file protein-v4.pdb (PDB, C-alpha atoms (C1' of nucleotides) and all ligand atoms)
ATOM      1  CA  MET A   6      36.485  26.057  53.381  1.00  0.00           C
ATOM      2  CA  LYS A   7      35.887  29.614  52.170  1.00  0.00           C
ATOM      3  CA  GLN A   8      36.274  29.559  48.362  1.00  0.00           C
ATOM      4  CA  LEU A   9      35.743  25.964  47.210  1.00  0.00           C
ATOM      5  CA  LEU A  10      33.232  25.232  49.992  1.00  0.00           C
ATOM      6  CA  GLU A  11      30.304  27.106  48.436  1.00  0.00           C
ATOM      7  CA  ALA A  12      30.766  26.199  44.750  1.00  0.00           C
ATOM      8  CA  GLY A  13      27.529  24.733  43.416  1.00  0.00           C
ATOM      9  CA  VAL A  14      24.938  27.345  42.461  1.00  0.00           C
ATOM     10  CA  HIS A  15      26.670  30.652  43.225  1.00  0.00           C
ATOM     11  CA  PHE A  16      26.194  32.585  39.978  1.00  0.00           C
ATOM     12  CA  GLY A  17      24.590  35.956  39.218  1.00  0.00           C
ATOM     13  CA  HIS A  18      21.602  37.302  37.298  1.00  0.00           C
ATOM     14  CA  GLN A  19      20.981  37.962  33.614  1.00  0.00           C
ATOM     15  CA  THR A  20      23.032  40.557  31.753  1.00  0.00           C
ATOM     16  CA  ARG A  21      19.990  42.684  30.877  1.00  0.00           C
ATOM     17  CA  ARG A  22      19.008  43.030  34.558  1.00  0.00           C
ATOM     18  CA  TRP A  23      22.154  44.260  36.305  1.00  0.00           C
ATOM     19  CA  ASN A  24      23.364  47.243  38.320  1.00  0.00           C
ATOM     20  CA  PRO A  25      26.400  49.098  36.913  1.00  0.00           C
ATOM     21  CA  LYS A  26      27.575  49.780  40.481  1.00  0.00           C
ATOM     22  CA  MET A  27      28.516  46.075  40.542  1.00  0.00           C
ATOM     23  CA  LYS A  28      31.117  46.302  37.760  1.00  0.00           C
ATOM     24  CA  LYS A  29      33.873  45.611  40.308  1.00  0.00           C
ATOM     25  CA  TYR A  30      32.104  42.510  41.689  1.00  0.00           C
ATOM     26  CA  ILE A  31      31.809  40.585  38.388  1.00  0.00           C
ATOM     27  CA  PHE A  32      34.338  37.899  37.425  1.00  0.00           C
ATOM     28  CA  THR A  33      33.241  36.919  33.899  1.00  0.00           C
ATOM     29  CA  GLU A  34      30.151  36.946  31.678  1.00  0.00           C
ATOM     30  CA  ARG A  35      28.390  33.621  31.114  1.00  0.00           C
ATOM     31  CA  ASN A  36      25.272  33.162  28.950  1.00  0.00           C
ATOM     32  CA  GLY A  37      23.264  36.047  30.397  1.00  0.00           C
ATOM     33  CA  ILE A  38      24.345  35.116  33.921  1.00  0.00           C
ATOM     34  CA  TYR A  39      27.325  36.965  35.374  1.00  0.00           C
ATOM     35  CA  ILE A  40      30.085  35.389  37.473  1.00  0.00           C
ATOM     36  CA  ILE A  41      31.043  36.819  40.872  1.00  0.00           C
ATOM     37  CA  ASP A  42      34.586  36.959  42.300  1.00  0.00           C
ATOM     38  CA  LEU A  43      34.383  34.262  45.028  1.00  0.00           C
ATOM     39  CA  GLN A  44      37.875  35.449  46.101  1.00  0.00           C
ATOM     40  CA  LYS A  45      36.215  38.780  47.083  1.00  0.00           C
ATOM     41  CA  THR A  46      33.272  37.062  48.865  1.00  0.00           C
ATOM     42  CA  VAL A  47      35.811  35.627  51.337  1.00  0.00           C
ATOM     43  CA  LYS A  48      37.385  38.913  52.450  1.00  0.00           C
ATOM     44  CA  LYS A  49      34.022  40.705  52.846  1.00  0.00           C
ATOM     45  CA  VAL A  50      32.336  37.859  54.666  1.00  0.00           C
ATOM     46  CA  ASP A  51      35.328  38.011  57.014  1.00  0.00           C
ATOM     47  CA  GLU A  52      34.675  41.721  57.594  1.00  0.00           C
ATOM     48  CA  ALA A  53      30.982  40.930  58.190  1.00  0.00           C
ATOM     49  CA  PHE A  54      32.128  38.275  60.682  1.00  0.00           C
ATOM     50  CA  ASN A  55      34.240  40.847  62.534  1.00  0.00           C
ATOM     51  CA  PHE A  56      31.491  43.486  62.458  1.00  0.00           C
ATOM     52  CA  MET A  57      28.994  41.083  64.004  1.00  0.00           C
ATOM     53  CA  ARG A  58      31.706  40.224  66.520  1.00  0.00           C
ATOM     54  CA  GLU A  59      31.766  43.868  67.579  1.00  0.00           C
ATOM     55  CA  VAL A  60      27.962  44.172  67.484  1.00  0.00           C
ATOM     56  CA  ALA A  61      27.144  41.014  69.462  1.00  0.00           C
ATOM     57  CA  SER A  62      30.020  41.151  71.957  1.00  0.00           C
ATOM     58  CA  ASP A  63      27.529  42.982  74.176  1.00  0.00           C
ATOM     59  CA  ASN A  64      23.902  42.002  74.725  1.00  0.00           C
ATOM     60  CA  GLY A  65      22.412  43.314  71.495  1.00  0.00           C
ATOM     61  CA  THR A  66      19.123  42.808  69.687  1.00  0.00           C
ATOM     62  CA  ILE A  67      19.238  41.937  65.983  1.00  0.00           C
ATOM     63  CA  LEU A  68      16.622  41.327  63.300  1.00  0.00           C
ATOM     64  CA  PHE A  69      16.779  38.777  60.472  1.00  0.00           C
ATOM     65  CA  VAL A  70      14.791  40.182  57.558  1.00  0.00           C
ATOM     66  CA  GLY A  71      13.912  37.927  54.645  1.00  0.00           C
ATOM     67  CA  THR A  72      10.899  37.404  52.391  1.00  0.00           C
ATOM     68  CA  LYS A  73      12.328  35.928  49.158  1.00  0.00           C
ATOM     69  CA  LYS A  74      10.563  32.619  48.762  1.00  0.00           C
ATOM     70  CA  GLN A  75      13.874  30.768  48.780  1.00  0.00           C
ATOM     71  CA  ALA A  76      14.597  32.182  52.244  1.00  0.00           C
ATOM     72  CA  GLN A  77      11.650  31.668  54.610  1.00  0.00           C
ATOM     73  CA  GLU A  78      12.851  28.658  56.568  1.00  0.00           C
ATOM     74  CA  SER A  79      16.407  29.595  57.506  1.00  0.00           C
ATOM     75  CA  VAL A  80      15.939  33.085  58.929  1.00  0.00           C
ATOM     76  CA  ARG A  81      13.251  31.542  61.136  1.00  0.00           C
ATOM     77  CA  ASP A  82      15.288  28.559  62.281  1.00  0.00           C
ATOM     78  CA  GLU A  83      18.580  30.250  63.114  1.00  0.00           C
ATOM     79  CA  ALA A  84      16.667  33.154  64.680  1.00  0.00           C
ATOM     80  CA  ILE A  85      14.953  30.605  66.927  1.00  0.00           C
ATOM     81  CA  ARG A  86      18.240  28.863  67.723  1.00  0.00           C
ATOM     82  CA  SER A  87      20.233  32.082  68.187  1.00  0.00           C
ATOM     83  CA  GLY A  88      17.478  33.646  70.305  1.00  0.00           C
ATOM     84  CA  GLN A  89      17.461  36.847  68.241  1.00  0.00           C
ATOM     85  CA  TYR A  90      14.486  38.293  66.365  1.00  0.00           C
ATOM     86  CA  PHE A  91      13.310  37.812  62.795  1.00  0.00           C
ATOM     87  CA  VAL A  92      10.651  38.899  60.316  1.00  0.00           C
ATOM     88  CA  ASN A  93      10.048  36.206  57.701  1.00  0.00           C
ATOM     89  CA  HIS A  94       6.730  37.261  56.136  1.00  0.00           C
ATOM     90  CA  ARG A  95       6.023  40.606  54.479  1.00  0.00           C
ATOM     91  CA  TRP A  96       7.470  43.753  56.047  1.00  0.00           C
ATOM     92  CA  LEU A  97       4.638  45.943  57.319  1.00  0.00           C
ATOM     93  CA  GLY A  98       5.235  49.561  56.391  1.00  0.00           C
ATOM     94  CA  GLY A  99       6.865  51.132  59.425  1.00  0.00           C
ATOM     95  CA  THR A 100       7.696  48.452  61.986  1.00  0.00           C
ATOM     96  CA  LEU A 101      10.499  50.661  63.379  1.00  0.00           C
ATOM     97  CA  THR A 102       9.369  54.248  62.761  1.00  0.00           C
ATOM     98  CA  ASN A 103       5.880  53.223  63.955  1.00  0.00           C
ATOM     99  CA  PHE A 104       7.336  50.944  66.630  1.00  0.00           C
ATOM    100  CA  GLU A 105       4.704  52.349  69.008  1.00  0.00           C
ATOM    101  CA  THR A 106       1.725  51.191  66.927  1.00  0.00           C
ATOM    102  CA  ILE A 107       3.383  47.849  66.159  1.00  0.00           C
ATOM    103  CA  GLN A 108       3.956  47.209  69.866  1.00  0.00           C
ATOM    104  CA  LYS A 109       0.354  48.244  70.576  1.00  0.00           C
ATOM    105  CA  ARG A 110      -0.733  45.498  68.171  1.00  0.00           C
ATOM    106  CA  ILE A 111       1.737  43.118  69.835  1.00  0.00           C
ATOM    107  CA  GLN A 112       0.246  44.023  73.223  1.00  0.00           C
ATOM    108  CA  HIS A 113      -3.224  43.423  71.777  1.00  0.00           C
ATOM    109  CA  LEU A 114      -2.372  39.880  70.679  1.00  0.00           C
ATOM    110  CA  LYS A 115      -0.462  39.152  73.892  1.00  0.00           C
ATOM    111  CA  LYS A 116      -3.299  40.357  76.134  1.00  0.00           C
ATOM    112  CA  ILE A 117      -5.934  38.406  74.218  1.00  0.00           C
ATOM    113  CA  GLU A 118      -3.594  35.392  74.415  1.00  0.00           C
ATOM    114  CA  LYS A 119      -3.450  35.600  78.210  1.00  0.00           C
ATOM    115  CA  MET A 120      -7.225  35.977  77.936  1.00  0.00           C
ATOM    116  CA  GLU A 121      -7.449  32.716  75.981  1.00  0.00           C
ATOM    117  CA  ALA A 122      -5.207  30.620  78.257  1.00  0.00           C
ATOM    118  CA  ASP A 123      -4.427  32.415  81.529  1.00  0.00           C
ATOM    119  CA  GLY A 124      -7.807  34.163  81.619  1.00  0.00           C
ATOM    120  CA  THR A 125     -11.235  32.809  80.793  1.00  0.00           C
TER     121      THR A 125
ATOM    122  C1'   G B   1     -40.396  80.995  53.805  1.00  0.00           C
ATOM    123  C1'   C B   2     -35.419  85.460  49.580  1.00  0.00           C
ATOM    124  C1'   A B   3     -34.164  88.072  57.108  1.00  0.00           C
ATOM    125  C1'   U B   4     -35.419  83.454  60.721  1.00  0.00           C
ATOM    126  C1'   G B   5     -36.252  79.255  64.852  1.00  0.00           C
ATOM    127  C1'   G B   6     -38.779  74.666  64.644  1.00  0.00           C
ATOM    128  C1'   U B   7     -40.910  70.635  61.575  1.00  0.00           C
ATOM    129  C1'   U B   8     -40.731  67.940  56.617  1.00  0.00           C
ATOM    130  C1'   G B   9     -39.744  66.243  51.305  1.00  0.00           C
ATOM    131  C1'   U B  10     -35.814  64.548  47.798  1.00  0.00           C
ATOM    132  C1'   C B  11     -31.559  61.833  46.016  1.00  0.00           C
ATOM    133  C1'   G B  12     -31.999  57.380  49.398  1.00  0.00           C
ATOM    134  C1'   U B  13     -31.292  53.003  53.827  1.00  0.00           C
ATOM    135  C1'   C B  14     -27.811  55.279  48.412  1.00  0.00           C
ATOM    136  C1'   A B  15     -22.657  53.792  50.878  1.00  0.00           C
ATOM    137  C1'   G B  16     -20.248  57.015  52.087  1.00  0.00           C
ATOM    138  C1'   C B  17     -17.557  61.148  55.788  1.00  0.00           C
ATOM    139  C1'   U B  18     -13.237  61.593  58.506  1.00  0.00           C
ATOM    140  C1'   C B  19      -9.163  61.300  62.425  1.00  0.00           C
ATOM    141  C1'   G B  20      -4.402  59.604  65.259  1.00  0.00           C
ATOM    142  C1'   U B  21       0.709  58.005  64.470  1.00  0.00           C
ATOM    143  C1'   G B  22       3.978  57.231  60.491  1.00  0.00           C
ATOM    144  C1'   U B  23       6.226  57.774  55.465  1.00  0.00           C
ATOM    145  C1'   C B  24       6.340  60.504  50.197  1.00  0.00           C
ATOM    146  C1'   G B  25       6.296  65.923  48.525  1.00  0.00           C
ATOM    147  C1'   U B  26      10.096  72.956  48.459  1.00  0.00           C
ATOM    148  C1'   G B  27       4.714  73.693  49.184  1.00  0.00           C
ATOM    149  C1'   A B  28      -0.724  73.617  49.124  1.00  0.00           C
ATOM    150  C1'   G B  29      -1.018  68.344  49.627  1.00  0.00           C
ATOM    151  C1'   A B  30      -0.789  62.881  49.216  1.00  0.00           C
ATOM    152  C1'   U B  31      -1.115  57.665  51.285  1.00  0.00           C
ATOM    153  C1'   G B  32      -4.522  54.666  54.518  1.00  0.00           C
ATOM    154  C1'   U B  33      -9.674  55.384  51.141  1.00  0.00           C
ATOM    155  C1'   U B  34      -5.706  53.088  44.776  1.00  0.00           C
ATOM    156  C1'   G B  35      -5.566  47.540  42.301  1.00  0.00           C
ATOM    157  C1'   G B  36      -7.896  42.191  41.718  1.00  0.00           C
ATOM    158  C1'   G B  37     -11.863  39.353  43.774  1.00  0.00           C
ATOM    159  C1'   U B  38     -16.379  38.831  47.033  1.00  0.00           C
ATOM    160  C1'   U B  39     -20.744  41.227  49.532  1.00  0.00           C
ATOM    161  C1'   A B  40     -27.002  43.614  50.647  1.00  0.00           C
ATOM    162  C1'   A B  41     -22.926  47.141  52.372  1.00  0.00           C
ATOM    163  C1'   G B  42     -15.749  51.291  52.918  1.00  0.00           C
ATOM    164  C1'   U B  43     -19.022  43.591  54.146  1.00  0.00           C
ATOM    165  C1'   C B  44     -14.677  40.892  53.918  1.00  0.00           C
ATOM    166  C1'   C B  45     -10.085  38.728  51.709  1.00  0.00           C
ATOM    167  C1'   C B  46      -5.479  38.986  48.825  1.00  0.00           C
ATOM    168  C1'   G B  47      -2.030  42.442  47.235  1.00  0.00           C
ATOM    169  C1'   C B  48       0.353  47.107  48.412  1.00  0.00           C
ATOM    170  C1'   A B  49       4.258  52.377  52.685  1.00  0.00           C
ATOM    171  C1'   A B  50       1.220  52.011  55.781  1.00  0.00           C
ATOM    172  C1'   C B  51      -0.615  50.471  60.976  1.00  0.00           C
ATOM    173  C1'   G B  52      -5.257  51.369  63.378  1.00  0.00           C
ATOM    174  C1'   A B  53      -9.673  53.860  64.982  1.00  0.00           C
ATOM    175  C1'   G B  54     -14.463  56.844  64.895  1.00  0.00           C
ATOM    176  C1'   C B  55     -19.529  58.420  62.839  1.00  0.00           C
ATOM    177  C1'   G B  56     -22.432  55.948  58.780  1.00  0.00           C
ATOM    178  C1'   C B  57     -23.339  49.496  57.217  1.00  0.00           C
ATOM    179  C1'   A B  58     -24.118  45.380  60.693  1.00  0.00           C
ATOM    180  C1'   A B  59     -25.705  44.377  66.253  1.00  0.00           C
ATOM    181  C1'   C B  60     -28.530  46.193  70.661  1.00  0.00           C
ATOM    182  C1'   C B  61     -35.253  47.566  70.269  1.00  0.00           C
ATOM    183  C1'   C B  62     -40.519  45.627  68.098  1.00  0.00           C
ATOM    184  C1'   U B  63     -43.179  41.748  65.617  1.00  0.00           C
ATOM    185  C1'   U B  64     -43.719  36.658  63.187  1.00  0.00           C
ATOM    186  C1'   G B  65     -42.317  31.107  62.641  1.00  0.00           C
ATOM    187  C1'   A B  66     -40.435  26.154  67.026  1.00  0.00           C
ATOM    188  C1'   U B  67     -40.122  25.119  72.153  1.00  0.00           C
ATOM    189  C1'   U B  68     -39.253  24.880  78.164  1.00  0.00           C
ATOM    190  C1'   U B  69     -40.529  26.822  83.154  1.00  0.00           C
ATOM    191  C1'   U B  70     -43.721  29.865  86.053  1.00  0.00           C
ATOM    192  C1'   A B  71     -49.858  31.104  86.172  1.00  0.00           C
ATOM    193  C1'   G B  72     -55.057  28.983  85.373  1.00  0.00           C
ATOM    194  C1'   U B  73     -59.866  33.403  85.145  1.00  0.00           C
ATOM    195  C1'   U B  74     -63.667  36.042  82.287  1.00  0.00           C
ATOM    196  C1'   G B  75     -59.511  31.369  78.609  1.00  0.00           C
ATOM    197  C1'   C B  76     -59.522  25.665  77.340  1.00  0.00           C
ATOM    198  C1'   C B  77     -62.712  20.609  77.880  1.00  0.00           C
ATOM    199  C1'   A B  78     -59.498  15.099  77.700  1.00  0.00           C
ATOM    200  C1'   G B  79     -60.773  11.369  80.460  1.00  0.00           C
ATOM    201  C1'   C B  80     -65.890  12.044  84.241  1.00  0.00           C
ATOM    202  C1'   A B  81     -71.877  13.447  85.946  1.00  0.00           C
ATOM    203  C1'   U B  82     -75.083  17.245  83.738  1.00  0.00           C
TER     204        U B  82
HETATM  205 MG    MG C 201     -44.453  83.057  51.955  1.00  0.00          MG
HETATM  206 MG    MG C 202     -36.214  80.051  56.710  1.00  0.00          MG
HETATM  207 MG    MG C 203     -36.656  77.418  51.871  1.00  0.00          MG
HETATM  208 MG    MG C 204     -41.211  80.991  47.471  1.00  0.00          MG
HETATM  209 MG    MG C 205     -36.342  75.971  56.311  1.00  0.00          MG
HETATM  210 MG    MG C 206     -38.501  84.086  46.548  1.00  0.00          MG
HETATM  211 MG    MG C 207     -26.441  61.070  46.941  1.00  0.00          MG
HETATM  212 MG    MG C 208     -21.424  61.015  48.076  1.00  0.00          MG
HETATM  213 MG    MG C 209     -13.542  58.715  50.171  1.00  0.00          MG
HETATM  214 MG    MG C 210      -5.197  57.652  43.837  1.00  0.00          MG
HETATM  215 MG    MG C 211     -17.216  49.747  58.240  1.00  0.00          MG
HETATM  216 MG    MG C 212     -28.827  49.489  61.646  1.00  0.00          MG
END

call {"tool": "encode", "arguments": {"input": "protein-v4.pdb", "output": "structure tokens", "more": "lines below"}}
Ligand SMILES: [Mg+2]
Ligand SMILES: [Mg+2]
Ligand SMILES: [Mg+2]
Ligand SMILES: [Mg+2]
Ligand SMILES: [Mg+2]
Ligand SMILES: [Mg+2]
Ligand SMILES: [Mg+2]
Ligand SMILES: [Mg+2]
Ligand SMILES: [Mg+2]
Ligand SMILES: [Mg+2]
Ligand SMILES: [Mg+2]
Ligand SMILES: [Mg+2]
result
Amino acid sequence: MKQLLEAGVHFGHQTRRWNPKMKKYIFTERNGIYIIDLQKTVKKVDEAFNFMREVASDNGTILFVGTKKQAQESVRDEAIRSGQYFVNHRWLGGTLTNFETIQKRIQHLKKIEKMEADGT
RNA sequence: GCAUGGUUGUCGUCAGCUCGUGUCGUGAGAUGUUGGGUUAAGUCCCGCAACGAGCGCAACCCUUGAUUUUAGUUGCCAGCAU
């Protein structure tokens, strides 16, 4: 349910393209591809589970960020179901530091949308 | 006219000149404005740590090509007499 459940395609990247900081997270070395300690994955996903417990115990706003082309259906669908927020296309430079300009553009689209339907 | 105001030529109606808020730089600064396409054009698109805006481009002005209403003299003459 936590170790054997995933199985399938849960391997790493090629040996040439790797980060040394991950030496503790590698199980074995396959042909180029590395192998990741699934035993570890369980503990740390449990800590992520508990951290999101603490975060979302109160009414909190969260963002699902994902652009990798094998990601842009999920983040959208569980963000819609969970009612939280997501960015699935490219990340515009400064959506948080320039939150003011981004929300001006949001207000622009929203106002012209009420123009289209609620207005003339 | 080499002390000036005003008026004009020229590149050339060529496509440029900048700002606000963010980020990257010890700093002067940088990015946007670089790259690939497309356009008459910084015209637009796709990329991309930038998101937008302003003066220049374009539009508003004049004329020409089609047509409707209003108006028939000094304009026009079709069906009618001269
Ligand atoms: Mg003289
Ligand atoms: Mg003089
Ligand atoms: Mg002179
Ligand atoms: Mg002289
Ligand atoms: Mg002079
Ligand atoms: Mg002289
Ligand atoms: Mg020049
Ligand atoms: Mg120049
Ligand atoms: Mg320039
Ligand atoms: Mg440059
Ligand atoms: Mg322009
Ligand atoms: Mg013009």

call {"tool": "residues_near_ligand", "arguments": {"input": "protein-v4.pdb", "ligand": "ligand MG 202 (chain C)", "cutoff": "12 Å", "atoms": "all atoms listed in the file", "output": "ChimeraX atom specification"}}
result
/B:1-7

call {"tool": "residues_around", "arguments": {"input": "protein-v4.pdb", "residues": "range 33-39 of chain B", "least_positions_apart": "6", "cutoff": "12 Å", "atoms": "only C-alpha atoms (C1' of nucleotides)", "output": "PDB file with C-alpha atoms (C1' of nucleotides), in the frame of the given file"}}
result
ATOM      1  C1'   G B  16     -20.248  57.015  52.087  1.00  0.00           C
ATOM      2  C1'   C B  17     -17.557  61.148  55.788  1.00  0.00           C
ATOM      3  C1'   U B  18     -13.237  61.593  58.506  1.00  0.00           C
ATOM      4  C1'   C B  45     -10.085  38.728  51.709  1.00  0.00           C
ATOM      5  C1'   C B  46      -5.479  38.986  48.825  1.00  0.00           C
ATOM      6  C1'   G B  47      -2.030  42.442  47.235  1.00  0.00           C
ATOM      7  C1'   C B  48       0.353  47.107  48.412  1.00  0.00           C
ATOM      8  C1'   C B  57     -23.339  49.496  57.217  1.00  0.00           C
TER       9        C B  57
END

call {"tool": "atom_distance", "arguments": {"input": "protein-v4.pdb", "atom1": "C1' of residue 58 in chain B", "atom2": "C1' of residue 9 in chain B"}}
result
27.7 Å

call {"tool": "resolve_selection", "arguments": {"input": "protein-v4.pdb", "expression": "the PyMOL selection byres (((not hetatm)) within 12 of (chain C and resi 208))", "output": "count of residues only"}}
result
7

call {"tool": "resolve_selection", "arguments": {"input": "protein-v4.pdb", "expression": "the PyMOL selection byres ((chain A) within 8 of (chain B))", "output": "MDAnalysis selection string"}}
result
chainID A and resid 97:99 102:103 106:107

call {"tool": "closest_residue", "arguments": {"input": "protein-v4.pdb", "among": "B:72, B:25, B:32, B:20", "to": "ligand MG 209 (chain C)", "atoms": "only C-alpha atoms (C1' of nucleotides) and all ligand atoms"}}
result
B:32

call {"tool": "residues_around", "arguments": {"input": "protein-v4.pdb", "residues": "range 58-75 of chain A", "least_positions_apart": "4", "cutoff": "6 Å", "atoms": "all atoms listed in the file", "output": "list in words"}}
result
residues 80, 89, 90, 91, 92, 93 and 94 of chain A

call {"tool": "atom_distance", "arguments": {"input": "protein-v4.pdb", "atom1": "CA of residue 19 in chain A", "atom2": "CA of residue 43 in chain A"}}
result
18.0 Å

call {"tool": "atom_distance", "arguments": {"input": "protein-v4.pdb", "atom1": "CA of residue 96 in chain A", "atom2": "CA of residue 77 in chain A"}}
result
12.9 Å
